[PDB]
Amino acid sequence: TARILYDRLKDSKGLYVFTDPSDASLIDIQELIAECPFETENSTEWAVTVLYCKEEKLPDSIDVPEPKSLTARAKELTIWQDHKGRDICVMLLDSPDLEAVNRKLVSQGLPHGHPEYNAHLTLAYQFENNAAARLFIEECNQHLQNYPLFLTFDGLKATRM
Ligand SMILES: C[As](C)(=O)[O-]
């Protein structure tokens with residue numbers, strides 16, 4: 001039932017909206033990555049960005065989404081690179097729910113910080129892609145295909161920045 005408290009934030013410079021995995025989904029993610037050979041963000045850090053908005057003049061009002069359930073399918077793990085070209089392990093999410101929330105925010109004058117919204121959950125921000133890590137990612141993606149994993153998120157949480 002966590003929700004975007006827009007009017008408390010309407011006068012901020014920028015808007016960050018994220019959602020947190022449910023208790024059950026936290027346990028599901030932990031069991032998914034049980035055999036991971038590299039260190040990962042801990043369970044308190046796992047969050048899914050829904051809006052990264054650097055607009056300094058936010059709209060005065062909006063139609064706030066307030067979805068009733070937030071679901072996503074854990075599609076796969078893949079490797080991204082950060083500013084300094086360091087490897088990042090992220091969990092790609094297939095989520096019509098989160099796409100819809102992001103679209104609802106962007107269409108009302110809240111621009112997202114990337115040309116397309118890519119729902120994902122970052123699992124490791126600094127990551128040595130070695131044979132063990134690659135085997136882990138491969139087996140996890142095969143597991144994600146053989147056993148569909150759906151995640152649920154509890155609310156929408158908004159902060160400045
Ligand atoms: C990523 As959190 C808001 O569950 O500490």
Side-chain angles (χ1 to χ4, degrees), residues 1-55 58 62 64-84 86-106 108 110-114 116-128 133 136-137 140-141 143-144 147-159:
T1 322
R3 67 194 167 94
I4 303 171
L5 310 170
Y6 191 66
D7 279 319
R8 296 199 55 187
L9 304 161
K10 73 184 187 191
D11 285 318
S12 171
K13 63 187 161 169
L15 188 62
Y16 181 65
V17 186
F18 66 100
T19 187
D20 286 326
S22 66
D23 40 17
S25 292
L26 290 181
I27 299 173
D28 288 338
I29 298 169
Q30 272 201 324
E31 291 171 348
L32 176 65
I33 65 184
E35 295 200 337
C36 181
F38 47 88
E39 274 209 327
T40 62
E41 303 293 86
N42 63 46
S43 55
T44 62
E45 280 161 320
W46 301 338
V48 179
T49 300
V50 179
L51 179 68
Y52 191 91
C53 176
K54 297 267 205 63
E55 175 60 29
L58 298 176
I62 66 166
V64 180
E66 179 52 273
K68 283 176 176 303
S69 39
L70 288 168
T71 74
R73 164 138 182 206
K75 176 182 226 213
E76 73 185 83
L77 305 172
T78 189
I79 309 206
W80 286 357
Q81 279 84 24
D82 64 351
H83 336 300
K84 332 299 283 178
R86 298 233 182 271
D87 286 326
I88 301 165
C89 182
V90 303
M91 180 187 303
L92 304 183
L93 301 173
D94 176 14
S95 189
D97 293 355
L98 295 178
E99 304 173 5
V101 175
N102 172 274
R103 216 190 310 110
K104 176 62 145 193
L105 295 167
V106 172
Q108 294 187 86
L110 294 165
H112 183 57
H114 313 263
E116 57 171 17
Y117 175 63
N118 303 315
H120 66 281
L121 171 48
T122 300
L123 294 181
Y125 270 111
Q126 220 146 340
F127 161 58
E128 191 178 358
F136 164 82
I137 291 179
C140 188
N141 292 345
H143 192 276
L144 283 174
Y147 306 70
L149 170 57
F150 290 87
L151 312 174
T152 60
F153 308 87
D154 264 21
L156 294 170
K157 297 172 186 188
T159 48

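For this chain, numbers begin at 1 and follow the sequence in order. Numbering of ligands and ligand atoms starts at 1, following listing order.
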Open item on the list: For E66, is the CD atom crowded, meaning more than 12 foreign heavy atoms sit under 6.0 Å from it?
Closed with: yes

Open item on the list: Does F136, at its CZ atom, have more than 12 non-hydrogen atoms belonging to other residues, nucleotides or ligands within less than 6.0 Å?
Closed with: yes

Open item on the list: Take a 6.0 Å sphere around CD of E35 and say whether it holds more than 12 heavy atoms from other residues, nucleotides or ligands.
Closed with: no

Open item on the list: Taking 4.0 angstrom as the limit and counting only heavy atoms of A47, give me the atoms of ligand 1 inside it, by number and element.
Closed with: 1 (C)

Open item on the list: Counting only nitrogen or oxygen atoms and a 3.5 angstrom limit, does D20 reach ligand 1?
Closed with: yes

- [ ] Would you check whether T44 has a nitrogen or oxygen atom less than 3.5 angstrom from a nitrogen or oxygen atom of ligand 1?
- [x] yes

Open item on the list: Show me which atoms of ligand 1 lie under 4.0 Å from any heavy atom of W46.
Closed with: 1 (C)

Task: Atom pair CG/CZ of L105 and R103 - distance to nearest 0.5 Å - done: 11.0 Å

TODO: Tell me yes or no: between the side chains of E45 and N42, is some donor less than 3.5 Å from an acceptor?
DONE: yes

TODO: Under 4.0 Å, heavy atoms only, figure out whether ligand 1 is touched by the backbone of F18, its side chain, both or neither.
DONE: side chain

